[PDB]
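First up is the structure itself, then whatever we jot down about it.
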Amino acid sequence: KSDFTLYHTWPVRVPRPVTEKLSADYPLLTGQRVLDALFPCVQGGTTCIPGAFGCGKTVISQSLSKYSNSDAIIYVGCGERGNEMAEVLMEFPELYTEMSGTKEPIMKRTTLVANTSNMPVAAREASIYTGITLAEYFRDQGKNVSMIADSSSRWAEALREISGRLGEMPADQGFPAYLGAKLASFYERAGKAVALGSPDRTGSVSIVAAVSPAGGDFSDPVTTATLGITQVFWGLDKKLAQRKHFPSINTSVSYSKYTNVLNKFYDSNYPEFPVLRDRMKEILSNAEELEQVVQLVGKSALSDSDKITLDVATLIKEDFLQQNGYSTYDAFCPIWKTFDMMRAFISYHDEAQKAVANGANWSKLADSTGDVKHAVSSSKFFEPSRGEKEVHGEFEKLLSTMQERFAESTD
Amino acid sequence: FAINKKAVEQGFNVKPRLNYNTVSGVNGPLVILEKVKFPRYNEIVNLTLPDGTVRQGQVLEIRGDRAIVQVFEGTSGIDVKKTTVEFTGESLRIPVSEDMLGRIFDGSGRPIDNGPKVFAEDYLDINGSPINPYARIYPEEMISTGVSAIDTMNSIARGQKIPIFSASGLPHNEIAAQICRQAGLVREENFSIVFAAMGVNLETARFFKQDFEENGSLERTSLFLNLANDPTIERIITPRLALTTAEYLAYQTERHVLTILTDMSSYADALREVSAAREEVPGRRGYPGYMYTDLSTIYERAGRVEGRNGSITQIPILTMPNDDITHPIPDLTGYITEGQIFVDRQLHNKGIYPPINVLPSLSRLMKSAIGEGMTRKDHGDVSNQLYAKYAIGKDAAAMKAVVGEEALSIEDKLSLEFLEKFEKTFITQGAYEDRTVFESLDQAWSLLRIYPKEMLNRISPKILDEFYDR
Amino acid sequence: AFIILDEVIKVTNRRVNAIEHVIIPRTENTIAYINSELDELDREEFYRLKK
């Protein structure tokens, strides 16, 4: 009594059944240097990008959709400005990515669900369940997909509006009492898993939300509710955006829980990655602490080591963590290039502290080296796509020349 | 043509309407009817007070046989014995025709220029269906406003929506008048201008009528005025009337329109007032919970279309309560819109016109309009360099006032010199001075001569080598 | 005495300038923010009781 065509339907509020859940242990390569280096994400993990009223929260999503290493993408727009869709459906058919040859269209790999801030309110909720059911479907075919949700706080606003319309007790700032349960049951659909069926294939879903708190505070009930359930978090700063410093991530408040489970991948490929990451984070934190006093003491009682620490921190914040968005050279920094730049910066700082360790004055070294700082600051221009071994040799010889110069310039 | 002759043939029809002399209460600005015989949600009625003065209303809820009507022109004087309603069997519609240009209408869209009625070509609902996103195209153009701070550091592409945040007492009116008087495509001044002012004093209306008259622009414009003493409820209709007129003009006669909304703060206040009359759940600071959607359905009506040539550009003027960018109204206005120009109080106290600071202002579609084929190839990053140097000047000056003038390296001295000149010569300009983008960029380069080439890092070396020496 | 007095006056004036310029306004802004938050909570409590 059953006839099956080439298609079938499915209720949207019932997650599709799966054989068993597994642990995601393969990194998701974004392309952005800061995200890959300090706050990595894993293929099958969640994330938040709390906006701060126009701080380039679309650049991150744009890059993620353009260059992520996923077999499919499902870009969802809930409460979108409406103009953006007109740009994302014009750029893609004019851009290409290569996987088994250069296939000119990227649109062949993407579907879009659009619900602008103008269209009816009640359809905001039904724009994310529809968005994620397709992602689950494509997972069932053993493909690594990734859903890039737009503002999820607008969904909460729609929930509040309808709740108030019916008439019922609000919990916080009007939001209904059951907000905390709607979100969790949505984020819980993410993650790697083994599909249900005979041929024994595997897939994954990796959602990346983006909340839009009122004002700029992270006390919004929407914000404080996702941070309780997510696994990665990427704050955003306003002044950094106002200075044209993109990406505008706040490196002192963001964090990532998928920092150790990637040890297997690093050992397979890049054994010394985590050590360099920790050392750089320590450098930045120390620089922040040291600068915390210069604002009211003046840079008078600063030893040579502190001055070098501040100089290195400024160098890093100006070169390493600025991706300059779109260009021909720094648009998608591969993992190896980021690793080599990381090692070069750490080696520069180490040698600078070594030479001054023996009493040699750093002030003279400042202009005695001269070319070392320019070399490290211009290393970011090395053109990718020129060969993994191509720039590998250049970065190999760069640090050798640097340490030879330091030994010679030790005078 | 036949298609024209059939769209209106349905007009030749007569449909009588009922009169209900049955009211069953009044409360606040609301009125409750009874035994209404198939109400319709969002209808229009015509109250006829016992005095003989007509008013107008709009249903908001309909139960089995009750209709709750809110009245525009207040509710006082109404009686439950002699009043009389009359259901028009329709929503609210505006009579439009391309002869509206050069006339004046009040808050309710009826002439106040001692002229005749509109003698329309068709009636249009003040609301409008959203635009199919698949049928929208992004600007790829640029408007030369003649203001260096607006035409170099930011940019305006026709089809874009840009607010103007300004405190109370600052000359945002003068800036808007200058922009509308002095705007053209970068190599037209044929921008038909619809203008809607809500919650303004008599002096502002007189000033705006004066400025449009001496510049020879009053023959291609259309003004909707809703002064401060007019009924409060009508302030909600006015922007919808103005935008409906603009949409008709642009998308059905192929002409480029530019729209001004004089005071969105008054609109927000009216929304809050009407909401509090009912018992809707409030958002932060008391504003309604759904204000975001209501603002969105006003702003998101600009842009271009695939099969048409018209394009309507918005310049809503908004006033912050206490110079607080974290207030709900600016927050939602800048979440919905794409960029916004900021008028600064601090620069105003020093007699700098236009008192525009550049740090807190943004223009989303700048990166597309600028480039090559329309301006010089340096425009893309000279703005970034100026941004960085201005930001450095700000904190250098801030540091000078704490530690004194002992720890200011040469970098800080150059930054302070740049900060002083960048405000005293570049931002400032006259109230009748044009500035083509070429001249503005030349002046901008002149201000980077202070810095030696070796530390202008944000800028590209190629541009430096070809322009830094000329 | 000249040298010592110069040093002492310099340090004290520097400290006074720092306190005046980058301490008081920060605390004032914090106080204003907290004051606003308290009323924000009061409004919600009032609304619940009204319902």
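Chains: A, B, ... in order of the structure tokens. Residues: from 1 per chain. Ligands: from 1, in order shown.
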
Per residue of chain A within 7 Å of chain B, record the nearest atom pair and its distance in Å to one decimal, counting only C-alpha atoms, with rows in chain order and ascending residue number, as CSV.
```
residue,atom,partner,partner_atom,distance
A:53,CA,B:335,CA,6.3
A:81,CA,B:336,CA,6.0
A:82,CA,B:133,CA,6.8
A:86,CA,B:137,CA,6.0
A:87,CA,B:138,CA,6.8
A:117,CA,B:296,CA,6.1
A:118,CA,B:297,CA,5.2
A:119,CA,B:130,CA,6.5
A:161,CA,B:290,CA,6.2
A:164,CA,B:281,CA,5.7
A:173,CA,B:283,CA,6.5
A:174,CA,B:281,CA,6.5
A:215,CA,B:326,CA,4.9
A:242,CA,B:359,CA,5.8
A:243,CA,B:388,CA,5.9
A:244,CA,B:384,CA,6.7
A:296,CA,B:402,CA,6.9
A:298,CA,B:403,CA,6.1
A:299,CA,B:407,CA,6.9
```

**OP:** Find the spatial neighbours of range 13-29 of chain C, counting only C-alpha atoms, within a cut-off of 9 Å - ignore same-chain residues fewer than 2 positions away - and output them as a ChimeraX atom specification.
**Re:** /A:295-297 /B:401-404 /C:8-11,31-34

Keeping only C-alpha atoms, write the selected residues to a file as a short mmCIF file (atom, residue, chain, number, x, y, z; two decimals), in the first residue's frame.
```
data_model
loop_
_atom_site.label_atom_id
_atom_site.label_comp_id
_atom_site.auth_asym_id
_atom_site.auth_seq_id
_atom_site.Cartn_x
_atom_site.Cartn_y
_atom_site.Cartn_z
CA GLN A 295 47.47 55.69 31.52
CA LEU A 296 48.10 57.27 34.94
CA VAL A 297 51.84 56.84 35.62
CA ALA B 401 45.77 66.15 29.64
CA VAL B 402 46.89 63.54 32.22
CA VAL B 403 50.67 63.04 32.06
CA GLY B 404 51.22 66.56 30.71
CA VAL C 8 57.34 66.09 44.63
CA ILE C 9 55.23 68.81 43.01
CA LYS C 10 55.44 67.03 39.66
CA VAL C 11 54.23 63.72 41.05
CA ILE C 31 26.27 55.31 38.88
CA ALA C 32 24.00 56.57 36.11
CA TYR C 33 23.89 53.13 34.49
CA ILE C 34 22.95 51.40 37.75
#
```

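Atom to atom, CA of residue 9 in chain A and CA of residue 205 in chain A stand 20.2 Å apart.
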
Subject >> strand (DSSP E or B) per DSSP on the backbone: members of range 142-277 of chain A, as a PyMOL selection string >> reply: chain A and resi 144+147-149+151+170-172+175-176+193-194+202-204+210+232-233+236+249+255-256

Would you save the residues of that selection, restricted to N, CA and C atoms, as an mmCIF file, in the first residue's frame?
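File selection-v3.cif, as written:
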```cif
data_model
loop_
_atom_site.group_PDB
_atom_site.id
_atom_site.type_symbol
_atom_site.label_atom_id
_atom_site.label_comp_id
_atom_site.auth_asym_id
_atom_site.auth_seq_id
_atom_site.Cartn_x
_atom_site.Cartn_y
_atom_site.Cartn_z
ATOM 1 N N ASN A 144 29.107 16.908 5.133
ATOM 2 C CA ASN A 144 29.392 17.858 6.205
ATOM 3 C C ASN A 144 28.808 19.207 5.816
ATOM 4 N N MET A 147 25.245 25.399 8.929
ATOM 5 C CA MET A 147 24.167 26.374 8.871
ATOM 6 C C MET A 147 24.645 27.684 9.481
ATOM 7 N N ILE A 148 24.487 28.777 8.741
ATOM 8 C CA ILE A 148 24.927 30.088 9.200
ATOM 9 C C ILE A 148 23.704 30.942 9.483
ATOM 10 N N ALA A 149 23.232 30.918 10.722
ATOM 11 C CA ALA A 149 22.040 31.664 11.084
ATOM 12 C C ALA A 149 22.348 33.149 11.188
ATOM 13 N N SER A 151 20.557 36.960 12.638
ATOM 14 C CA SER A 151 20.140 37.360 13.976
ATOM 15 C C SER A 151 19.089 36.413 14.531
ATOM 16 N N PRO A 170 5.175 37.551 31.648
ATOM 17 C CA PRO A 170 6.547 37.586 31.137
ATOM 18 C C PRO A 170 7.555 37.211 32.211
ATOM 19 N N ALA A 171 8.707 36.723 31.753
ATOM 20 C CA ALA A 171 9.783 36.305 32.646
ATOM 21 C C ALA A 171 10.818 37.405 32.858
ATOM 22 N N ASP A 172 11.464 37.858 31.786
ATOM 23 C CA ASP A 172 12.483 38.897 31.875
ATOM 24 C C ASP A 172 12.331 39.831 30.688
ATOM 25 N N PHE A 175 10.141 38.686 27.900
ATOM 26 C CA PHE A 175 10.303 37.413 27.220
ATOM 27 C C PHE A 175 9.516 36.325 27.944
ATOM 28 N N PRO A 176 8.933 35.377 27.216
ATOM 29 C CA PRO A 176 8.172 34.314 27.870
ATOM 30 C C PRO A 176 9.076 33.400 28.681
ATOM 31 N N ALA A 193 27.454 12.710 13.763
ATOM 32 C CA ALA A 193 26.653 11.536 14.068
ATOM 33 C C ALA A 193 26.755 10.551 12.920
ATOM 34 N N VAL A 194 26.387 9.305 13.198
ATOM 35 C CA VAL A 194 26.381 8.259 12.183
ATOM 36 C C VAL A 194 24.958 8.105 11.666
ATOM 37 N N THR A 202 28.569 8.817 7.430
ATOM 38 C CA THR A 202 28.599 9.761 8.539
ATOM 39 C C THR A 202 28.506 11.188 8.020
ATOM 40 N N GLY A 203 27.968 12.071 8.858
ATOM 41 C CA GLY A 203 27.834 13.470 8.506
ATOM 42 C C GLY A 203 27.982 14.381 9.704
ATOM 43 N N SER A 204 27.590 15.643 9.565
ATOM 44 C CA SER A 204 27.688 16.582 10.671
ATOM 45 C C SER A 204 26.918 17.845 10.330
ATOM 46 N N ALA A 210 24.183 34.202 15.603
ATOM 47 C CA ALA A 210 24.694 35.560 15.766
ATOM 48 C C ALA A 210 23.607 36.367 16.471
ATOM 49 N N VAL A 232 31.423 27.727 21.914
ATOM 50 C CA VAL A 232 32.398 28.726 21.504
ATOM 51 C C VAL A 232 31.717 30.082 21.571
ATOM 52 N N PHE A 233 32.502 31.136 21.750
ATOM 53 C CA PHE A 233 31.961 32.475 21.925
ATOM 54 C C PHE A 233 32.963 33.486 21.399
ATOM 55 N N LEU A 236 32.447 40.934 20.390
ATOM 56 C CA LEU A 236 32.735 41.960 19.401
ATOM 57 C C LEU A 236 32.875 43.303 20.100
ATOM 58 N N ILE A 249 37.000 41.292 16.854
ATOM 59 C CA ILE A 249 36.830 40.396 17.989
ATOM 60 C C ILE A 249 37.484 41.002 19.220
ATOM 61 N N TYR A 255 36.144 33.079 24.243
ATOM 62 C CA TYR A 255 36.739 31.818 24.659
ATOM 63 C C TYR A 255 36.271 30.723 23.713
ATOM 64 N N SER A 256 36.856 29.537 23.864
ATOM 65 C CA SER A 256 36.498 28.393 23.038
ATOM 66 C C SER A 256 36.749 27.117 23.823
#
```

Original post:
What gap, in Å, lies between CA of residue 443 in chain B and CA of residue 370 in chain B?
Top reply: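 If I compute the distance from CA of residue 443 in chain B to CA of residue 370 in chain B, I get 17.6 Å.
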
Subject >> Who sits within 8 Å of residue 123 in chain B, only C-alpha atoms, same chain under 4 positions skipped, as a PyMOL selection string >> reply: chain B and resi 93-96

Same residues, N, CA and C atoms, saved as a PDB file, in the first residue's frame:
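And here is the file that came out, selection-v7.pdb:
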```
ATOM      1  N   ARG B  93      -7.193  54.625   2.159  1.00  0.00           N
ATOM      2  CA  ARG B  93      -6.592  54.789   0.845  1.00  0.00           C
ATOM      3  C   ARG B  93      -6.336  56.264   0.586  1.00  0.00           C
ATOM      4  N   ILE B  94      -5.300  56.541  -0.197  1.00  0.00           N
ATOM      5  CA  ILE B  94      -4.870  57.898  -0.502  1.00  0.00           C
ATOM      6  C   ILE B  94      -5.063  58.123  -1.995  1.00  0.00           C
ATOM      7  N   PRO B  95      -5.583  59.275  -2.423  1.00  0.00           N
ATOM      8  CA  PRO B  95      -5.674  59.573  -3.859  1.00  0.00           C
ATOM      9  C   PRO B  95      -4.358  60.141  -4.369  1.00  0.00           C
ATOM     10  N   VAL B  96      -3.762  59.470  -5.352  1.00  0.00           N
ATOM     11  CA  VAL B  96      -2.457  59.855  -5.872  1.00  0.00           C
ATOM     12  C   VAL B  96      -2.590  60.244  -7.334  1.00  0.00           C
TER      13      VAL B  96
END
```

Original post:
Any idea what's packed within 12 Å of residue 347 in chain A, counting only C-alpha atoms, ignoring anything in its chain fewer than 2 positions away? Could you give it as a ChimeraX atom specification?
Top reply: /A:276,279-280,312,340-345,349-354,372-373,376,395-396,398-403,406

Since we have the selection now, will you write its residues out, keeping N, CA, C and O atoms, as a compact mmCIF listing (two decimals), in the first residue's frame?
```txt
# COMPACT_ATOMS: atom_id res chain seq x y z
N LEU A 276 52.49 27.72 21.03
CA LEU A 276 52.59 29.06 20.48
C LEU A 276 51.33 29.87 20.76
O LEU A 276 51.41 31.06 21.08
N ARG A 279 51.48 31.01 24.37
CA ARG A 279 52.48 32.05 24.57
C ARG A 279 52.01 33.39 24.03
O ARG A 279 52.20 34.43 24.67
N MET A 280 51.39 33.40 22.84
CA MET A 280 50.89 34.65 22.30
C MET A 280 49.80 35.24 23.18
O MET A 280 49.77 36.46 23.41
N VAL A 312 55.91 44.53 21.09
CA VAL A 312 55.50 43.30 20.43
C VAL A 312 53.99 43.17 20.40
O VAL A 312 53.41 42.72 19.40
N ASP A 340 53.01 29.50 10.23
CA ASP A 340 54.34 30.05 10.00
C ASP A 340 54.45 31.48 10.50
O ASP A 340 55.45 31.86 11.11
N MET A 341 53.42 32.30 10.26
CA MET A 341 53.43 33.66 10.79
C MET A 341 53.49 33.65 12.31
O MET A 341 54.21 34.44 12.93
N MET A 342 52.73 32.75 12.93
CA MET A 342 52.73 32.61 14.38
C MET A 342 54.14 32.33 14.89
O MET A 342 54.64 33.01 15.79
N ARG A 343 54.79 31.33 14.30
CA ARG A 343 56.14 30.97 14.72
C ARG A 343 57.11 32.13 14.52
O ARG A 343 57.96 32.39 15.37
N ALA A 344 56.99 32.83 13.39
CA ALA A 344 57.90 33.94 13.13
C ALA A 344 57.75 35.04 14.17
O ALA A 344 58.75 35.56 14.69
N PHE A 345 56.51 35.40 14.51
CA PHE A 345 56.30 36.44 15.51
C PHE A 345 56.87 36.03 16.86
O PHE A 345 57.55 36.81 17.54
N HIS A 349 59.95 37.90 19.04
CA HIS A 349 59.88 38.37 20.42
C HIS A 349 60.92 37.67 21.29
O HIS A 349 61.57 38.31 22.14
N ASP A 350 61.10 36.37 21.09
CA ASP A 350 62.06 35.63 21.91
C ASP A 350 63.47 36.16 21.71
O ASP A 350 64.21 36.35 22.68
N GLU A 351 63.87 36.40 20.46
CA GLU A 351 65.21 36.90 20.21
C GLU A 351 65.38 38.32 20.73
O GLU A 351 66.44 38.68 21.25
N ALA A 352 64.33 39.15 20.60
CA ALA A 352 64.41 40.50 21.14
C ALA A 352 64.63 40.47 22.65
O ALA A 352 65.39 41.28 23.19
N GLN A 353 63.96 39.55 23.35
CA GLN A 353 64.17 39.45 24.79
C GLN A 353 65.52 38.81 25.11
O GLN A 353 66.10 39.11 26.16
N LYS A 354 66.03 37.94 24.24
CA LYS A 354 67.31 37.30 24.49
C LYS A 354 68.46 38.30 24.39
O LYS A 354 69.32 38.36 25.27
N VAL A 372 64.30 43.89 10.41
CA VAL A 372 63.62 42.72 10.96
C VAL A 372 62.14 43.02 11.17
O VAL A 372 61.26 42.22 10.81
N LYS A 373 61.84 44.18 11.76
CA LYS A 373 60.44 44.53 12.02
C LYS A 373 59.68 44.66 10.71
O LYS A 373 58.54 44.19 10.60
N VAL A 376 59.01 41.10 9.26
CA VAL A 376 57.92 40.38 9.92
C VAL A 376 56.58 41.04 9.64
O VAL A 376 55.57 40.35 9.44
N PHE A 395 59.37 31.59 4.45
CA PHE A 395 59.22 31.74 5.90
C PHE A 395 60.31 31.00 6.66
O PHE A 395 60.69 31.43 7.75
N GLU A 396 60.81 29.89 6.11
CA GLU A 396 61.93 29.20 6.74
C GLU A 396 63.16 30.08 6.78
O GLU A 396 63.81 30.21 7.83
N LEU A 398 63.28 33.33 6.48
CA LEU A 398 63.05 34.60 7.16
C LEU A 398 63.59 34.57 8.59
O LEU A 398 64.35 35.44 9.00
N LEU A 399 63.19 33.56 9.36
CA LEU A 399 63.61 33.51 10.76
C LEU A 399 65.09 33.19 10.89
O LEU A 399 65.74 33.66 11.84
N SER A 400 65.65 32.41 9.97
CA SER A 400 67.09 32.18 9.98
C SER A 400 67.85 33.48 9.79
O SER A 400 68.80 33.78 10.52
N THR A 401 67.43 34.28 8.81
CA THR A 401 68.05 35.58 8.61
C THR A 401 67.86 36.48 9.83
O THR A 401 68.77 37.21 10.22
N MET A 402 66.67 36.42 10.44
CA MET A 402 66.41 37.24 11.62
C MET A 402 67.37 36.89 12.76
O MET A 402 67.96 37.78 13.38
N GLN A 403 67.52 35.61 13.06
CA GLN A 403 68.38 35.23 14.18
C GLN A 403 69.85 35.46 13.85
O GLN A 403 70.62 35.83 14.74
N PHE A 406 70.28 39.11 14.52
CA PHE A 406 70.35 39.36 15.95
C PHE A 406 71.72 38.98 16.51
O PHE A 406 72.30 39.72 17.31
```

Considering only C-alpha atoms, return as a PDB file with N, CA and C atoms, in the first residue's frame whatever protein or nucleic-acid residues lie within 12 Å of range 12-17 of chain A, sequence-local ones (same chain, fewer than 4 positions apart) excluded.
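Listing of out.pdb after writing:
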```
ATOM      1  N   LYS A  21      25.192   9.531  18.340  1.00  0.00           N
ATOM      2  CA  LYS A  21      25.990  10.742  18.298  1.00  0.00           C
ATOM      3  C   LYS A  21      27.445  10.424  18.610  1.00  0.00           C
ATOM      4  N   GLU A 125       9.830  32.536  13.321  1.00  0.00           N
ATOM      5  CA  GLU A 125      10.089  31.255  13.965  1.00  0.00           C
ATOM      6  C   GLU A 125      10.191  30.138  12.938  1.00  0.00           C
ATOM      7  N   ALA A 126       9.283  30.112  11.970  1.00  0.00           N
ATOM      8  CA  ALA A 126       9.267  29.055  10.969  1.00  0.00           C
ATOM      9  C   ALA A 126      10.344  29.220   9.909  1.00  0.00           C
ATOM     10  N   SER A 127      11.294  30.130  10.101  1.00  0.00           N
ATOM     11  CA  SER A 127      12.383  30.308   9.153  1.00  0.00           C
ATOM     12  C   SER A 127      13.681  29.667   9.616  1.00  0.00           C
ATOM     13  N   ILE A 128      13.764  29.238  10.873  1.00  0.00           N
ATOM     14  CA  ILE A 128      14.939  28.545  11.365  1.00  0.00           C
ATOM     15  C   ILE A 128      14.723  27.039  11.470  1.00  0.00           C
ATOM     16  N   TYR A 129      13.523  26.586  11.827  1.00  0.00           N
ATOM     17  CA  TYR A 129      13.243  25.157  11.765  1.00  0.00           C
ATOM     18  C   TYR A 129      13.321  24.658  10.331  1.00  0.00           C
ATOM     19  N   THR A 130      12.752  25.416   9.394  1.00  0.00           N
ATOM     20  CA  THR A 130      12.901  25.078   7.987  1.00  0.00           C
ATOM     21  C   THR A 130      14.362  25.118   7.575  1.00  0.00           C
ATOM     22  N   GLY A 131      15.122  26.060   8.124  1.00  0.00           N
ATOM     23  CA  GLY A 131      16.528  26.143   7.781  1.00  0.00           C
ATOM     24  C   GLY A 131      17.311  24.928   8.232  1.00  0.00           C
ATOM     25  N   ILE A 132      17.039  24.446   9.443  1.00  0.00           N
ATOM     26  CA  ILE A 132      17.845  23.372  10.009  1.00  0.00           C
ATOM     27  C   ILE A 132      17.368  21.984   9.606  1.00  0.00           C
ATOM     28  N   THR A 133      16.092  21.820   9.263  1.00  0.00           N
ATOM     29  CA  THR A 133      15.646  20.512   8.804  1.00  0.00           C
ATOM     30  C   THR A 133      16.337  20.128   7.503  1.00  0.00           C
ATOM     31  N   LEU A 134      16.552  21.093   6.612  1.00  0.00           N
ATOM     32  CA  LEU A 134      17.292  20.803   5.391  1.00  0.00           C
ATOM     33  C   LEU A 134      18.729  20.408   5.707  1.00  0.00           C
ATOM     34  N   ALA A 135      19.349  21.082   6.675  1.00  0.00           N
ATOM     35  CA  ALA A 135      20.706  20.718   7.063  1.00  0.00           C
ATOM     36  C   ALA A 135      20.758  19.288   7.577  1.00  0.00           C
ATOM     37  N   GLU A 136      19.790  18.903   8.405  1.00  0.00           N
ATOM     38  CA  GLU A 136      19.746  17.525   8.878  1.00  0.00           C
ATOM     39  C   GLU A 136      19.548  16.556   7.722  1.00  0.00           C
ATOM     40  N   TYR A 137      18.659  16.893   6.790  1.00  0.00           N
ATOM     41  CA  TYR A 137      18.454  16.026   5.637  1.00  0.00           C
ATOM     42  C   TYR A 137      19.756  15.797   4.891  1.00  0.00           C
ATOM     43  N   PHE A 138      20.476  16.870   4.577  1.00  0.00           N
ATOM     44  CA  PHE A 138      21.741  16.712   3.873  1.00  0.00           C
ATOM     45  C   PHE A 138      22.773  15.978   4.712  1.00  0.00           C
ATOM     46  N   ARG A 139      22.709  16.088   6.036  1.00  0.00           N
ATOM     47  CA  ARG A 139      23.580  15.266   6.864  1.00  0.00           C
ATOM     48  C   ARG A 139      23.273  13.793   6.668  1.00  0.00           C
ATOM     49  N   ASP A 140      21.992  13.440   6.574  1.00  0.00           N
ATOM     50  CA  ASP A 140      21.639  12.034   6.442  1.00  0.00           C
ATOM     51  C   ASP A 140      22.300  11.390   5.233  1.00  0.00           C
ATOM     52  N   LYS A 182      13.277  26.706  24.296  1.00  0.00           N
ATOM     53  CA  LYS A 182      13.229  26.731  22.840  1.00  0.00           C
ATOM     54  C   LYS A 182      14.629  26.764  22.247  1.00  0.00           C
ATOM     55  N   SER A 185      16.729  23.243  22.688  1.00  0.00           N
ATOM     56  CA  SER A 185      16.275  22.191  21.791  1.00  0.00           C
ATOM     57  C   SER A 185      16.613  22.478  20.339  1.00  0.00           C
ATOM     58  N   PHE A 186      16.996  23.709  20.010  1.00  0.00           N
ATOM     59  CA  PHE A 186      17.439  24.041  18.665  1.00  0.00           C
ATOM     60  C   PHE A 186      18.935  23.807  18.500  1.00  0.00           C
ATOM     61  N   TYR A 187      19.741  24.310  19.434  1.00  0.00           N
ATOM     62  CA  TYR A 187      21.177  24.075  19.375  1.00  0.00           C
ATOM     63  C   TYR A 187      21.529  22.608  19.546  1.00  0.00           C
ATOM     64  N   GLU A 188      20.643  21.811  20.137  1.00  0.00           N
ATOM     65  CA  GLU A 188      20.975  20.417  20.384  1.00  0.00           C
ATOM     66  C   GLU A 188      20.929  19.561  19.129  1.00  0.00           C
ATOM     67  N   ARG A 189      20.430  20.085  18.010  1.00  0.00           N
ATOM     68  CA  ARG A 189      20.428  19.322  16.769  1.00  0.00           C
ATOM     69  C   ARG A 189      21.785  19.303  16.085  1.00  0.00           C
ATOM     70  N   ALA A 190      22.719  20.144  16.509  1.00  0.00           N
ATOM     71  CA  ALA A 190      24.040  20.177  15.907  1.00  0.00           C
ATOM     72  C   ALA A 190      24.837  18.940  16.308  1.00  0.00           C
ATOM     73  N   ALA A 193      27.454  12.710  13.763  1.00  0.00           N
ATOM     74  CA  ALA A 193      26.653  11.536  14.068  1.00  0.00           C
ATOM     75  C   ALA A 193      26.755  10.551  12.920  1.00  0.00           C
ATOM     76  N   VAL A 194      26.387   9.305  13.198  1.00  0.00           N
ATOM     77  CA  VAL A 194      26.381   8.259  12.183  1.00  0.00           C
ATOM     78  C   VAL A 194      24.958   8.105  11.666  1.00  0.00           C
ATOM     79  N   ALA A 195      24.782   8.278  10.361  1.00  0.00           N
ATOM     80  CA  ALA A 195      23.451   8.284   9.781  1.00  0.00           C
ATOM     81  C   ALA A 195      22.730   6.972  10.064  1.00  0.00           C
ATOM     82  N   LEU A 196      21.432   6.971   9.785  1.00  0.00           N
ATOM     83  CA  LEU A 196      20.583   5.811  10.014  1.00  0.00           C
ATOM     84  C   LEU A 196      20.349   5.095   8.690  1.00  0.00           C
ATOM     85  N   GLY A 197      20.858   3.882   8.578  1.00  0.00           N
ATOM     86  CA  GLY A 197      20.697   3.107   7.363  1.00  0.00           C
ATOM     87  C   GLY A 197      21.823   2.105   7.211  1.00  0.00           C
TER      88      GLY A 197
END
```

Mind checking which residues fall within 9 Å of range 182-184 of chain B, counting only C-alpha atoms, ignoring those fewer than 5 positions away in the same chain, and posting them as a tab-separated table (two decimals) with C-alpha atoms, in the first residue's frame?
```tsv
chain	number	residue	atom	x	y	z
B	142	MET	CA	27.06	57.50	-5.86
B	143	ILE	CA	25.54	60.88	-4.98
B	144	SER	CA	27.75	63.95	-4.65
B	145	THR	CA	26.33	65.89	-1.70
B	146	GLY	CA	29.12	68.48	-1.77
B	177	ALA	CA	18.28	71.63	3.51
B	189	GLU	CA	19.64	67.83	-9.60
B	190	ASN	CA	16.40	66.29	-10.87
B	191	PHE	CA	15.62	64.55	-7.57
B	432	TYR	CA	26.78	77.43	-0.04
B	434	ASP	CA	30.20	72.89	-3.37
```

Subject >> Given only C-alpha atoms as the counted atoms, nearest of B:67, B:76, B:310, B:121 to residue 7 in chain B >> reply: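 Closest to residue 7 in chain B of all the choices is B:121.
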
Original post:
To one decimal place, how far is CA of residue 268 in chain B from CA of residue 349 in chain B in Å?
Top reply: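 Distance between the two atoms: 28.4 Å.
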
Original post:
Out of range 99-334 of chain B, which residues get alpha helix (DSSP H) from DSSP, as a PyMOL selection string?
Top reply: chain B and resi 148-151+172-181+202-214+237-253+264-277+291-299+328-334

**OP:** Determine the nearest neighbour of chain C from the options A:169, A:284, A:225, A:106, counting only C-alpha atoms.
**Re:**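 Among the listed residues, A:169 lies closest to chain C.
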
**OP:** Quick one: everything within 12 Å of residue 420 in chain B, counting only C-alpha atoms, minus sequence neighbours fewer than 6 positions away in the same chain. Send it as a list in words.
**Re:**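 Within the cut-off, the hits are residues 347, 389, 390, 393, 394, 396, 397, 413, 414, 426, 427, 428 and 447 of chain B.
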